[PDB]
>>> print(open('input_14.txt').read())   # compact mmCIF, C-alpha atoms and all ligand atoms
# COMPACT_ATOMS: atom_id res chain seq x y z
CA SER K 2 191.94 99.50 141.92
CA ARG K 3 195.08 97.34 141.64
CA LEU K 4 195.60 95.82 138.18
CA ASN K 5 198.32 93.28 138.80
CA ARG K 6 197.58 89.90 137.21
CA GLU K 7 196.37 88.38 140.49
CA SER K 8 193.85 91.18 141.17
CA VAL K 9 192.60 91.20 137.58
CA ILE K 10 192.05 87.42 137.76
CA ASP K 11 190.33 87.70 141.17
CA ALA K 12 187.96 90.31 139.82
CA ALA K 13 187.26 88.38 136.64
CA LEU K 14 186.46 85.15 138.53
CA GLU K 15 184.11 87.08 140.77
CA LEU K 16 182.56 88.59 137.62
CA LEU K 17 182.24 85.14 136.02
CA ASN K 18 180.21 83.97 139.02
CA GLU K 19 177.96 87.04 138.54
CA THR K 20 177.53 86.85 134.75
CA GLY K 21 178.37 83.38 133.49
CA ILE K 22 180.79 82.86 130.62
CA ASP K 23 178.53 84.29 127.88
CA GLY K 24 177.87 87.48 129.87
CA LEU K 25 181.49 87.97 130.90
CA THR K 26 182.93 90.92 129.00
CA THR K 27 185.99 93.12 129.20
CA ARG K 28 183.65 96.13 129.44
CA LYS K 29 182.02 94.72 132.61
CA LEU K 30 185.42 93.84 134.05
CA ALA K 31 186.67 97.41 133.52
CA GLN K 32 183.58 98.62 135.42
CA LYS K 33 184.18 96.22 138.25
CA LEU K 34 187.79 97.41 138.52
CA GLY K 35 186.88 101.11 138.43
CA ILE K 36 188.80 101.78 135.20
CA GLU K 37 188.34 102.96 131.63
CA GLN K 38 188.43 100.33 128.93
CA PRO K 39 191.70 101.44 127.31
CA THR K 40 193.29 101.07 130.76
CA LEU K 41 192.04 97.47 131.00
CA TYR K 42 193.25 96.80 127.47
CA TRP K 43 196.87 97.44 128.59
CA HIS K 44 196.46 94.56 131.05
CA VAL K 45 194.02 92.25 129.21
CA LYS K 46 193.86 92.31 125.41
CA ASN K 47 190.50 90.58 124.91
CA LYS K 48 187.99 88.13 126.32
CA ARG K 49 189.87 85.12 124.91
CA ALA K 50 193.08 86.14 126.73
CA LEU K 51 191.01 86.63 129.87
CA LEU K 52 189.38 83.21 129.58
CA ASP K 53 192.71 81.46 128.97
CA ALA K 54 194.09 82.98 132.14
CA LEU K 55 191.00 82.08 134.20
CA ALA K 56 191.06 78.47 133.06
CA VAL K 57 194.67 78.10 134.10
CA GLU K 58 194.20 79.92 137.35
CA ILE K 59 191.13 77.92 138.34
CA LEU K 60 193.08 74.66 138.10
CA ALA K 61 196.19 76.20 139.63
CA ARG K 62 194.20 77.51 142.59
CA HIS K 63 191.71 74.69 143.06
CA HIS K 64 192.78 71.45 141.37
CA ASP K 65 194.97 70.45 144.26
CA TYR K 66 195.11 66.69 143.59
CA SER K 67 196.92 66.93 140.26
CA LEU K 68 199.82 64.73 141.39
CA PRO K 69 199.91 61.35 143.09
CA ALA K 70 200.90 61.05 146.72
CA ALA K 71 204.04 59.09 147.49
CA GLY K 72 203.35 55.40 147.16
CA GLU K 73 199.79 55.92 145.92
CA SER K 74 198.31 53.34 143.58
CA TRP K 75 197.44 54.46 140.04
CA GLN K 76 193.80 53.55 140.74
CA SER K 77 193.71 55.82 143.72
CA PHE K 78 195.54 58.56 141.90
CA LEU K 79 193.05 58.64 139.02
CA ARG K 80 190.13 58.58 141.52
CA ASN K 81 191.49 61.47 143.55
CA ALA K 82 192.54 63.50 140.53
CA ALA K 83 189.14 63.07 138.92
CA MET K 84 187.35 64.19 142.11
CA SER K 85 189.69 67.19 142.37
CA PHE K 86 189.27 68.14 138.72
CA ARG K 87 185.49 67.93 139.11
CA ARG K 88 185.49 70.08 142.23
CA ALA K 89 187.70 72.69 140.56
CA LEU K 90 185.46 72.84 137.51
CA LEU K 91 182.31 73.16 139.64
CA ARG K 92 183.77 75.95 141.81
CA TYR K 93 182.86 78.68 139.28
CA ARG K 94 179.83 79.31 137.18
CA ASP K 95 180.35 77.82 133.71
CA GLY K 96 183.74 76.64 134.95
CA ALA K 97 183.84 73.63 132.64
CA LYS K 98 183.18 75.80 129.59
CA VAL K 99 185.98 78.10 130.71
CA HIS K 100 188.27 75.13 130.96
CA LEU K 101 187.15 73.55 127.67
CA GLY K 102 187.85 76.60 125.55
CA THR K 103 191.59 76.78 126.34
CA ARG K 104 194.75 74.69 125.74
CA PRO K 105 197.28 73.89 128.52
CA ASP K 106 199.96 76.05 130.19
CA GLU K 107 203.67 75.06 130.18
CA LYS K 108 203.11 74.30 133.88
CA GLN K 109 200.11 72.09 133.05
CA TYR K 110 202.36 70.33 130.50
CA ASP K 111 204.92 69.49 133.21
CA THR K 112 202.13 68.21 135.44
CA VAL K 113 200.74 66.03 132.63
CA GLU K 114 204.29 64.77 131.99
CA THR K 115 204.59 63.76 135.66
CA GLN K 116 201.19 62.07 135.54
CA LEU K 117 202.22 60.27 132.36
CA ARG K 118 205.56 59.30 133.94
CA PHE K 119 203.63 58.00 136.95
CA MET K 120 201.25 55.89 134.85
CA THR K 121 204.04 54.36 132.77
CA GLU K 122 206.02 53.57 135.93
CA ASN K 123 202.96 51.61 137.10
CA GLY K 124 202.97 49.38 134.06
CA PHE K 125 200.94 51.28 131.47
CA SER K 126 202.21 51.71 127.96
CA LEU K 127 202.39 55.38 127.05
CA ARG K 128 199.42 54.83 124.78
CA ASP K 129 197.27 53.16 127.45
CA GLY K 130 198.41 55.57 130.18
CA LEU K 131 197.40 58.48 127.99
CA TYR K 132 194.08 56.89 127.01
CA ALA K 133 193.28 56.28 130.68
CA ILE K 134 194.07 59.84 131.72
CA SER K 135 192.16 61.16 128.70
CA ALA K 136 189.12 59.02 129.40
CA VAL K 137 189.01 60.21 133.03
CA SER K 138 189.27 63.78 131.82
CA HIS K 139 186.60 63.32 129.13
CA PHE K 140 184.17 61.62 131.48
CA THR K 141 184.71 64.15 134.26
CA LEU K 142 184.44 67.19 131.99
CA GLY K 143 181.42 65.75 130.23
CA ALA K 144 179.68 65.16 133.57
CA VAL K 145 180.35 68.69 134.79
CA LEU K 146 179.44 70.33 131.50
CA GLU K 147 176.10 68.50 131.42
CA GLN K 148 175.39 69.56 134.98
CA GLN K 149 176.36 73.21 134.49
CA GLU K 150 174.68 73.63 131.07
CA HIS K 151 171.55 72.00 132.41
CA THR K 152 171.55 74.58 135.22
CA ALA K 153 172.12 77.43 132.76
CA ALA K 154 169.23 76.28 130.55
CA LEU K 155 166.78 76.33 133.50
CA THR K 156 166.94 80.13 133.89
CA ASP K 157 165.64 80.51 130.27
CA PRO K 162 155.72 68.49 131.89
CA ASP K 163 155.67 65.37 134.15
CA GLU K 164 152.21 64.08 133.10
CA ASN K 165 153.42 62.75 129.72
CA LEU K 166 156.68 61.21 131.06
CA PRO K 167 156.92 57.44 130.84
CA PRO K 168 157.63 55.79 134.22
CA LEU K 169 161.30 54.79 134.10
CA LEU K 170 162.29 58.17 132.61
CA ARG K 171 160.24 59.91 135.30
CA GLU K 172 162.09 57.93 137.98
CA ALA K 173 165.48 58.50 136.28
CA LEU K 174 164.94 62.26 136.21
CA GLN K 175 164.03 62.12 139.93
CA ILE K 176 167.23 60.20 140.58
CA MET K 177 169.38 62.66 138.59
CA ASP K 178 167.86 65.78 140.15
CA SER K 179 168.49 64.28 143.64
CA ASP K 180 172.10 65.60 143.92
CA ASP K 181 174.57 67.69 141.94
CA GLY K 182 175.58 64.64 139.79
CA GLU K 183 178.09 63.34 142.33
CA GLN K 184 176.58 59.93 142.81
CA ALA K 185 176.34 59.18 139.08
CA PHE K 186 179.87 60.56 138.59
CA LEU K 187 181.48 58.48 141.35
CA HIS K 188 179.79 55.32 140.12
CA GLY K 189 180.91 55.84 136.51
CA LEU K 190 184.38 56.67 137.75
CA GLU K 191 184.74 53.34 139.50
CA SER K 192 183.53 51.52 136.41
CA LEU K 193 186.08 53.40 134.26
CA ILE K 194 188.99 52.63 136.58
CA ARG K 195 188.08 48.94 136.88
CA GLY K 196 187.89 48.68 133.11
CA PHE K 197 191.40 50.15 132.93
CA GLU K 198 192.64 47.63 135.48
CA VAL K 199 191.13 44.71 133.60
CA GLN K 200 192.93 45.93 130.45
CA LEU K 201 196.29 46.50 132.16
CA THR K 202 196.35 43.11 133.85
CA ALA K 203 195.49 41.32 130.54
CA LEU K 204 198.85 42.25 128.98
CA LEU K 205 198.81 40.44 125.56
CA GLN K 206 196.04 37.97 126.53
CA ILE K 207 192.69 38.00 124.75
CA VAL K 208 190.34 39.76 127.16
CA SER J 2 162.13 80.92 102.24
CA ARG J 3 159.73 78.28 103.41
CA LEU J 4 159.39 78.44 107.22
CA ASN J 5 157.96 75.08 108.20
CA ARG J 6 159.78 73.51 111.13
CA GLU J 7 161.86 71.16 108.92
CA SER J 8 163.03 74.05 106.70
CA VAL J 9 163.91 76.19 109.68
CA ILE J 10 165.99 73.37 111.24
CA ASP J 11 167.65 72.72 107.86
CA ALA J 12 168.67 76.35 107.68
CA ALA J 13 169.81 76.52 111.28
CA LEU J 14 172.03 73.41 110.95
CA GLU J 15 173.55 74.82 107.78
CA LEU J 16 174.21 78.05 109.66
CA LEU J 17 175.68 76.21 112.63
CA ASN J 18 178.31 74.61 110.34
CA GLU J 19 179.10 78.13 109.07
CA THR J 20 179.27 80.00 112.37
CA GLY J 21 179.62 77.54 115.25
CA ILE J 22 177.39 77.64 118.29
CA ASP J 23 178.59 80.94 119.76
CA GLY J 24 178.26 82.64 116.36
CA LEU J 25 174.79 81.21 115.69
CA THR J 26 172.18 83.94 116.08
CA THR J 27 168.52 84.33 115.18
CA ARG J 28 169.49 87.49 113.26
CA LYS J 29 171.82 85.44 111.01
CA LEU J 30 169.21 82.68 110.68
CA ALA J 31 166.61 85.23 109.53
CA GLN J 32 169.13 86.47 106.96
CA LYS J 33 169.79 82.91 105.71
CA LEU J 34 166.05 82.32 105.39
CA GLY J 35 165.63 85.64 103.55
CA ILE J 36 163.22 87.03 106.12
CA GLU J 37 163.00 89.83 108.65
CA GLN J 38 163.57 89.10 112.32
CA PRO J 39 160.02 89.51 113.59
CA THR J 40 158.89 87.01 110.95
CA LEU J 41 161.45 84.53 112.33
CA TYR J 42 160.15 85.29 115.85
CA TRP J 43 156.70 83.88 114.99
CA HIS J 44 158.47 80.60 114.19
CA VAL J 45 161.44 80.57 116.62
CA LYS J 46 161.18 82.49 119.92
CA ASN J 47 164.87 82.65 120.87
CA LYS J 48 168.27 81.00 120.62
CA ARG J 49 167.58 78.64 123.53
CA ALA J 50 164.45 77.27 121.75
CA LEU J 51 166.42 76.92 118.54
CA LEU J 52 169.30 75.12 120.30
CA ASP J 53 166.91 72.79 122.12
CA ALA J 54 165.27 71.82 118.83
CA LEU J 55 168.63 71.37 117.09
CA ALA J 56 169.79 68.99 119.81
CA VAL J 57 166.73 66.88 119.22
CA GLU J 58 166.82 66.99 115.43
CA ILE J 59 170.51 66.15 115.12
CA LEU J 60 169.82 62.84 116.89
CA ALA J 61 166.56 62.29 115.04
CA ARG J 62 168.38 62.71 111.75
CA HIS J 63 171.69 61.00 112.46
CA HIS J 64 171.63 58.88 115.62
CA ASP J 65 170.69 55.60 113.91
CA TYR J 66 171.52 53.20 116.75
CA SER J 67 169.28 54.25 119.61
CA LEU J 68 167.58 50.89 120.24
CA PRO J 69 169.01 47.41 120.69
CA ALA J 70 168.76 44.89 117.87
CA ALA J 71 166.66 41.80 118.56
CA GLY J 72 168.78 39.50 120.73
CA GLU J 73 171.54 42.10 121.24
CA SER J 74 173.57 42.09 124.48
CA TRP J 75 173.55 45.16 126.68
CA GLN J 76 177.32 45.49 126.12
CA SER J 77 176.92 45.55 122.34
CA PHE J 78 173.95 47.90 122.63
CA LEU J 79 175.91 50.44 124.68
CA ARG J 80 178.88 50.15 122.30
CA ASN J 81 176.72 50.67 119.23
CA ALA J 82 174.67 53.47 120.84
CA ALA J 83 177.84 55.26 121.95
CA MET J 84 179.41 55.04 118.50
CA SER J 85 176.16 56.28 116.91
CA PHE J 86 175.82 59.10 119.43
CA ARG J 87 179.37 60.22 118.83
CA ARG J 88 178.94 60.18 115.04
CA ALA J 89 175.74 62.20 115.35
CA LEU J 90 177.42 64.77 117.61
CA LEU J 91 180.38 65.03 115.22
CA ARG J 92 178.18 65.60 112.18
CA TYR J 93 177.78 69.35 112.84
CA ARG J 94 180.16 71.96 114.06
CA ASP J 95 179.91 72.30 117.86
CA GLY J 96 177.35 69.49 117.90
CA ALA J 97 178.39 68.34 121.37
CA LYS J 98 177.97 71.86 122.73
CA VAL J 99 174.48 71.99 121.20
CA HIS J 100 173.57 68.76 123.09
CA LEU J 101 175.03 69.74 126.45
CA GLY J 102 172.59 70.11 129.30
CA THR J 103 169.55 69.03 127.27
CA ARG J 104 167.07 66.49 128.60
CA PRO J 105 165.11 63.91 126.58
CA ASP J 106 162.41 65.52 124.46
CA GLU J 107 158.84 64.25 124.25
CA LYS J 108 159.68 62.83 120.82
CA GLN J 109 162.48 60.83 122.46
CA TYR J 110 160.48 59.49 125.41
CA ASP J 111 159.60 56.07 123.96
CA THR J 112 163.19 55.53 122.83
CA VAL J 113 164.84 56.51 126.10
CA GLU J 114 162.30 54.57 128.13
CA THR J 115 163.03 51.49 126.05
CA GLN J 116 166.76 51.97 126.68
CA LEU J 117 166.19 52.22 130.42
CA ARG J 118 163.83 49.21 130.43
CA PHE J 119 166.29 47.24 128.35
CA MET J 120 169.06 47.78 130.92
CA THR J 121 166.79 46.69 133.73
CA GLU J 122 165.80 43.58 131.76
CA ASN J 123 169.53 42.72 131.69
CA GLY J 124 169.90 42.73 135.47
CA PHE J 125 170.69 46.38 136.16
CA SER J 126 168.67 48.31 138.68
CA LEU J 127 167.07 51.39 137.11
CA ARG J 128 169.66 53.44 139.04
CA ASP J 129 172.67 51.48 137.82
CA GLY J 130 171.34 51.25 134.30
CA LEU J 131 170.86 55.02 134.33
CA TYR J 132 174.38 55.56 135.69
CA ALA J 133 175.78 53.36 132.95
CA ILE J 134 173.92 55.23 130.21
CA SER J 135 174.87 58.55 131.80
CA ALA J 136 178.52 57.59 132.02
CA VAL J 137 178.54 56.62 128.36
CA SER J 138 176.91 59.97 127.52
CA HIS J 139 179.25 61.99 129.63
CA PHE J 140 182.35 60.26 128.38
CA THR J 141 181.23 60.48 124.73
CA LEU J 142 180.32 64.15 125.07
CA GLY J 143 183.72 64.87 126.70
CA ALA J 144 185.57 63.01 124.00
CA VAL J 145 183.71 64.78 121.20
CA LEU J 146 184.02 68.19 122.81
CA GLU J 147 187.75 67.87 123.11
CA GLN J 148 187.90 66.77 119.43
CA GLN J 149 185.63 69.65 118.30
CA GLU J 150 187.63 72.16 120.41
CA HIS J 151 191.00 71.25 118.97
CA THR J 152 189.50 71.47 115.56
CA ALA J 153 188.55 75.01 116.74
CA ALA J 154 192.17 75.54 117.94
CA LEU J 166 207.39 69.64 124.64
CA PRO J 167 208.04 67.10 127.46
CA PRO J 168 209.31 63.65 126.26
CA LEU J 169 206.40 61.29 127.03
CA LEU J 170 203.82 63.97 126.40
CA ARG J 171 205.41 64.65 123.02
CA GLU J 172 204.85 61.03 121.94
CA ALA J 173 201.35 61.37 123.50
CA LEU J 174 200.56 64.24 121.09
CA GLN J 175 201.85 62.04 118.25
CA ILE J 176 199.37 59.24 119.03
CA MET J 177 196.76 61.92 119.89
CA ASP J 178 197.32 63.46 116.42
CA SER J 179 197.56 60.08 114.64
CA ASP J 180 193.75 60.22 114.35
CA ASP J 181 190.65 62.32 115.03
CA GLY J 182 190.02 60.94 118.57
CA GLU J 183 188.34 57.69 117.56
CA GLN J 184 191.03 55.36 118.97
CA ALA J 185 191.13 57.00 122.40
CA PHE J 186 187.34 57.11 122.42
CA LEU J 187 186.90 53.46 121.52
CA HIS J 188 189.52 52.35 124.02
CA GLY J 189 187.86 54.26 126.83
CA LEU J 190 184.39 53.05 125.83
CA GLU J 191 185.60 49.42 126.20
CA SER J 192 187.03 50.21 129.62
CA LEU J 193 183.75 51.70 130.69
CA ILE J 194 181.69 48.76 129.42
CA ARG J 195 183.93 46.20 131.09
CA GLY J 196 183.72 48.17 134.32
CA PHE J 197 179.92 48.11 134.14
CA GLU J 198 180.04 44.34 133.55
CA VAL J 199 182.34 43.69 136.46
CA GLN J 200 179.91 45.65 138.69
CA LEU J 201 176.75 43.96 137.34
CA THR J 202 178.22 40.45 137.67
CA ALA J 203 179.43 41.03 141.23
CA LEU J 204 175.85 41.36 142.53
CA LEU J 205 176.23 41.72 146.36
CA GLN J 206 179.81 40.37 146.42
CA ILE J 207 182.58 42.70 147.54
CA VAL J 208 184.34 43.65 144.33
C1 LIG S 301 168.42 57.77 129.25
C2 LIG S 301 168.92 59.16 128.92
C3 LIG S 301 169.61 59.45 127.64
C4 LIG S 301 170.11 60.82 127.36
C5 LIG S 301 169.92 61.94 128.32
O1 LIG S 301 170.35 63.21 128.07
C6 LIG S 301 169.21 61.64 129.58
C7 LIG S 301 169.01 62.69 130.58
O2 LIG S 301 169.44 63.95 130.36
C8 LIG S 301 168.35 62.36 131.75
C9 LIG S 301 167.89 61.08 131.98
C10 LIG S 301 168.07 60.05 131.09
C11 LIG S 301 168.72 60.27 129.88
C12 LIG S 301 170.77 61.11 126.06
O3 LIG S 301 171.07 62.26 125.77
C13 LIG S 301 170.91 60.01 125.06
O4 LIG S 301 171.99 60.36 124.24
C14 LIG S 301 169.73 59.95 124.13
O5 LIG S 301 168.87 60.84 124.12
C15 LIG S 301 169.69 58.79 123.26
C16 LIG S 301 168.69 58.72 122.17
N1 LIG S 301 167.75 59.67 122.06
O6 LIG S 301 168.74 57.80 121.36
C17 LIG S 301 170.60 57.78 123.47
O7 LIG S 301 170.92 56.95 122.51
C18 LIG S 301 171.26 57.49 124.80
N2 LIG S 301 172.69 57.08 124.80
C19 LIG S 301 172.85 55.60 124.80
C20 LIG S 301 173.49 57.72 123.74
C21 LIG S 301 171.06 58.66 125.76
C22 LIG S 301 169.84 58.35 126.65
CL CL S 302 197.93 98.74 139.27
CL CL S 303 200.17 89.38 140.34
CL CL S 304 184.39 91.34 125.90
CL CL S 305 196.75 53.65 147.11
CL CL S 306 156.32 79.28 105.02
CL CL S 307 157.82 70.68 109.07
CL CL S 308 170.30 85.22 118.97
CL CL S 309 175.49 40.95 121.13
CL CL S 310 159.28 48.91 133.00
MG MG S 311 171.51 63.93 126.76
>>> encode(input="input_14.txt", output="structure tokens")
Amino acid sequence: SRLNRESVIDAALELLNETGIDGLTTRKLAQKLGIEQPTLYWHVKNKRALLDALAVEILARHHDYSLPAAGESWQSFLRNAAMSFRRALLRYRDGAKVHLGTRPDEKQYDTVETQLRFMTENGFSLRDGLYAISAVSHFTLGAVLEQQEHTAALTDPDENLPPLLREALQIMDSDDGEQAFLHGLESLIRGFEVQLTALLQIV
Amino acid sequence: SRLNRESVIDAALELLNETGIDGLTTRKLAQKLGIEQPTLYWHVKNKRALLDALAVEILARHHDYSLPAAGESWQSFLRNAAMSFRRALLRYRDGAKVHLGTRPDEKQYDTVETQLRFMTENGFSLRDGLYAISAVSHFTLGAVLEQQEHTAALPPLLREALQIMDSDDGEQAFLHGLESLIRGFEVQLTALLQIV
């Protein structure tokens, strides 16, 4: 079939959903695309190159709230961006692992620059603006990775559970992690706000 | 080698530091222990079982702040627990990845129950106490993972960002975010039913 970048990425993302990240291989991709492995090699040098491209393309295709809307508050921007990032990571099987194992594009660098510009224009020091954006990223990625790895582990004993843990596990299994995530996200943002507004005051 | 559980874990953690999580295999563990694979199999059924046990033993061995001190505030407890958790995850190569997606083990039940009960004793609902603990975990795991990954590895403002980001190992960003999280929890807890 067609082996332009877009078609190779489409096929690989579809394969990822079938195999997961550990099972994804260039050999299986060649099969999916109806080609011999040396043919694929011309287009895609190895699994690492493949994964780097997928990670970028997942965000490029699906992380559609990467920039603030005109006039949007920083609080709202971080909230929306976090929700968008989470959605994008959850869209594919092992998506967060795919994302984790890369380092950003030149395009992603521009976006981060704009986000950093935006934060600093809203009163954050560069340091605090960065730490905020980092913390949102770390929390969001951590939440998705726990969810997705937990799912992955299931494919491979209530009577002894103590009562609060039993109830906590019931609570956590009750959705895909969204409720816990959204609650933590508000706490994170409010913490940032308390810090920003303090300026040089002891807080 | 000796193949009691402790010796097997010892060997596997040593191997983990050598190979990382992806590179860790039962074949290489058997080699390290000077045994054949089917011998290892009697003791360790597969990689998932090994990883599950490593997750537990890393905390058992190195997570020293899992319970509040007598009289300790919930804020201080979460701070201390988060710092301890992070140190324990950082102790071994890919430690955060080893933890990911695990659930409390039987040997951790009393501890984790106490943590949950402790939050509720401080005014949190079980739900909100859980969400606080979970947020701390998720944030800490994210922070460590990004540190462990860019051990495994232009714009103006960004460029100074990378300077501060490379001025240390991640601890400053981590600690700053942890304080934000804790203050956010406090603001929520203290609001009760007030619009906040
Ligand atoms: C309460 C809880 C915890 C954890 C956890 O994974 C979990 C879960 O998967 C479902 C429901 C509840 C929990 C932790 O991993 C753990 O790291 C942990 O095992 C743990 C421990 N064993 O000491 C902690 O200290 C806790 N945290 C404050 C770092 C946290 C507690
Ligand atoms: Cl072609
Ligand atoms: Cl193309
Ligand atoms: Cl491959
Ligand atoms: Cl707004
Ligand atoms: Cl023995
Ligand atoms: Cl033993
Ligand atoms: Cl293996
Ligand atoms: Cl205290
Ligand atoms: Cl209780
Ligand atoms: Mg855990």
>>> residues_near_ligand(input="input_14.txt", ligand="ligand CL 308 (chain S)", cutoff="9 Å", atoms="all atoms listed in the file", output="list in words")
residues 24, 25, 26, 27, 28, 29, 30, 47, 48 and 49 of chain J
>>> atom_distance(input="input_14.txt", atom1="atom CA of residue K:93", atom2="atom CA of residue K:58")
11.6 Å
>>> residues_around(input="input_14.txt", residues="residue K:133", least_positions_apart="2", cutoff="10 Å", atoms="all atoms listed in the file", output="list in words")
residues 79, 117, 120, 125, 127, 128, 129, 130, 131, 135, 136, 137, 138, 139, 193, 194, 196, 197 and 198 of chain K; 185, 188, 189 and 192 of chain J
>>> write_last_selection(input="input_14.txt", atoms="C-alpha atoms", output="short mmCIF file (atom, residue, chain, number, x, y, z; two decimals), in the coordinates of the input")
data_model
loop_
_atom_site.label_atom_id
_atom_site.label_comp_id
_atom_site.auth_asym_id
_atom_site.auth_seq_id
_atom_site.Cartn_x
_atom_site.Cartn_y
_atom_site.Cartn_z
CA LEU K 79 193.05 58.64 139.02
CA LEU K 117 202.22 60.27 132.36
CA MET K 120 201.25 55.89 134.85
CA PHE K 125 200.94 51.28 131.47
CA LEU K 127 202.39 55.38 127.05
CA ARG K 128 199.42 54.83 124.78
CA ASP K 129 197.27 53.16 127.45
CA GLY K 130 198.41 55.57 130.18
CA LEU K 131 197.40 58.48 127.99
CA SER K 135 192.16 61.16 128.70
CA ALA K 136 189.12 59.02 129.40
CA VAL K 137 189.01 60.21 133.03
CA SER K 138 189.27 63.78 131.82
CA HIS K 139 186.60 63.32 129.13
CA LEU K 193 186.08 53.40 134.26
CA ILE K 194 188.99 52.63 136.58
CA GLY K 196 187.89 48.68 133.11
CA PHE K 197 191.40 50.15 132.93
CA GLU K 198 192.64 47.63 135.48
CA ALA J 185 191.13 57.00 122.40
CA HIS J 188 189.52 52.35 124.02
CA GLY J 189 187.86 54.26 126.83
CA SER J 192 187.03 50.21 129.62
#
>>> interface_residues(input="input_14.txt", of="chain J", to="chain K", cutoff="6 Å", atoms="all atoms listed in the file", output="PyMOL selection string")
chain J and resi 101-102+114+132+136+139-140+142-144+170+185+189+192-193+195-197
>>> residues_near_ligand(input="input_14.txt", ligand="ligand MG 311 (chain S)", cutoff="7 Å", atoms="all atoms listed in the file", output="PyMOL selection string")
chain J and resi 100-105+138
>>> atom_distance(input="input_14.txt", atom1="atom CA of residue J:22", atom2="atom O3 of ligand LIG 301 (chain S)")
18.2 Å
>>> residues_around(input="input_14.txt", residues="residue J:116", least_positions_apart="3", cutoff="9 Å", atoms="all atoms listed in the file", output="MDAnalysis selection string")
chainID J and resid 67:69 111:113 119:121 130 134
>>> axis_aligned_box(input="input_14.txt", around="stretch 179-192 of chain J", padding_each_side="6 Å", output="lines of an AutoDock Vina configuration file")
center_x = 191.0
center_y = 55.9
center_z = 122.0
size_x = 25.2
size_y = 24.9
size_z = 27.3
>>> residues_near_point(input="input_14.txt", point="(173.7, 58.6, 113.0)", cutoff="8 Å", atoms="only C-alpha atoms", output="MDAnalysis selection string")
chainID J and resid 60 62:66 85:86 88:89
>>> residues_near_ligand(input="input_14.txt", ligand="ligand CL 305 (chain S)", cutoff="9 Å", atoms="only C-alpha atoms and all ligand atoms", output="PyMOL selection string")
chain K and resi 70+72-78
>>> residues_near_ligand(input="input_14.txt", ligand="ligand CL 307 (chain S)", cutoff="6 Å", atoms="all atoms listed in the file", output="compact mmCIF listing (two decimals) with C-alpha atoms, in the coordinates of the input")
# COMPACT_ATOMS: atom_id res chain seq x y z
CA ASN J 5 157.96 75.08 108.20
CA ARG J 6 159.78 73.51 111.13
CA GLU J 7 161.86 71.16 108.92
>>> closest_residue(input="input_14.txt", among="J:126, J:20, J:8, J:115", to="ligand LIG 301 (chain S)", atoms="all atoms listed in the file")
J:115
>>> residues_near_ligand(input="input_14.txt", ligand="ligand CL 303 (chain S)", cutoff="7 Å", atoms="only C-alpha atoms and all ligand atoms", output="mmCIF file with C-alpha atoms, in the coordinates of the input")
data_model
loop_
_atom_site.group_PDB
_atom_site.id
_atom_site.type_symbol
_atom_site.label_atom_id
_atom_site.label_comp_id
_atom_site.auth_asym_id
_atom_site.auth_seq_id
_atom_site.Cartn_x
_atom_site.Cartn_y
_atom_site.Cartn_z
ATOM 1 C CA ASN K 5 198.320 93.280 138.800
ATOM 2 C CA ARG K 6 197.580 89.900 137.210
ATOM 3 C CA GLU K 7 196.370 88.380 140.490
ATOM 4 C CA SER K 8 193.850 91.180 141.170
#
>>> residues_near_point(input="input_14.txt", point="(196.1, 66.0, 144.7)", cutoff="10 Å", atoms="all atoms listed in the file", output="MDAnalysis selection string")
chainID K and resid 63:70 78:79 81:86
>>> write_last_selection(input="input_14.txt", atoms="C-alpha atoms", output="JSON list (two decimals), in the frame of the given file")
[["chain", "number", "residue", "atom", "x", "y", "z"],
["K", 63, "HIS", "CA", 191.71, 74.69, 143.06],
["K", 64, "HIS", "CA", 192.78, 71.45, 141.37],
["K", 65, "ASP", "CA", 194.97, 70.45, 144.26],
["K", 66, "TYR", "CA", 195.11, 66.69, 143.59],
["K", 67, "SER", "CA", 196.92, 66.93, 140.26],
["K", 68, "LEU", "CA", 199.82, 64.73, 141.39],
["K", 69, "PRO", "CA", 199.91, 61.35, 143.09],
["K", 70, "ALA", "CA", 200.90, 61.05, 146.72],
["K", 78, "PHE", "CA", 195.54, 58.56, 141.90],
["K", 79, "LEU", "CA", 193.05, 58.64, 139.02],
["K", 81, "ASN", "CA", 191.49, 61.47, 143.55],
["K", 82, "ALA", "CA", 192.54, 63.50, 140.53],
["K", 83, "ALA", "CA", 189.14, 63.07, 138.92],
["K", 84, "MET", "CA", 187.35, 64.19, 142.11],
["K", 85, "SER", "CA", 189.69, 67.19, 142.37],
["K", 86, "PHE", "CA", 189.27, 68.14, 138.72]]
>>> atom_distance(input="input_14.txt", atom1="atom CA of residue J:141", atom2="atom CA of residue K:181")
19.8 Å
>>> residues_near_ligand(input="input_14.txt", ligand="ligand CL 302 (chain S)", cutoff="8 Å", atoms="only C-alpha atoms and all ligand atoms", output="PyMOL selection string")
chain K and resi 2-5
>>> residues_near_ligand(input="input_14.txt", ligand="ligand CL 309 (chain S)", cutoff="9 Å", atoms="only C-alpha atoms and all ligand atoms", output="MDAnalysis selection string")
chainID J and resid 70 72:78
>>> write_last_selection(input="input_14.txt", atoms="C-alpha atoms", output="PDB file, in the frame of the given file")
ATOM      1  CA  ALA J  70     168.760  44.890 117.870  1.00  0.00           C
ATOM      2  CA  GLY J  72     168.780  39.500 120.730  1.00  0.00           C
ATOM      3  CA  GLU J  73     171.540  42.100 121.240  1.00  0.00           C
ATOM      4  CA  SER J  74     173.570  42.090 124.480  1.00  0.00           C
ATOM      5  CA  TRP J  75     173.550  45.160 126.680  1.00  0.00           C
ATOM      6  CA  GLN J  76     177.320  45.490 126.120  1.00  0.00           C
ATOM      7  CA  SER J  77     176.920  45.550 122.340  1.00  0.00           C
ATOM      8  CA  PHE J  78     173.950  47.900 122.630  1.00  0.00           C
TER       9      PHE J  78
END
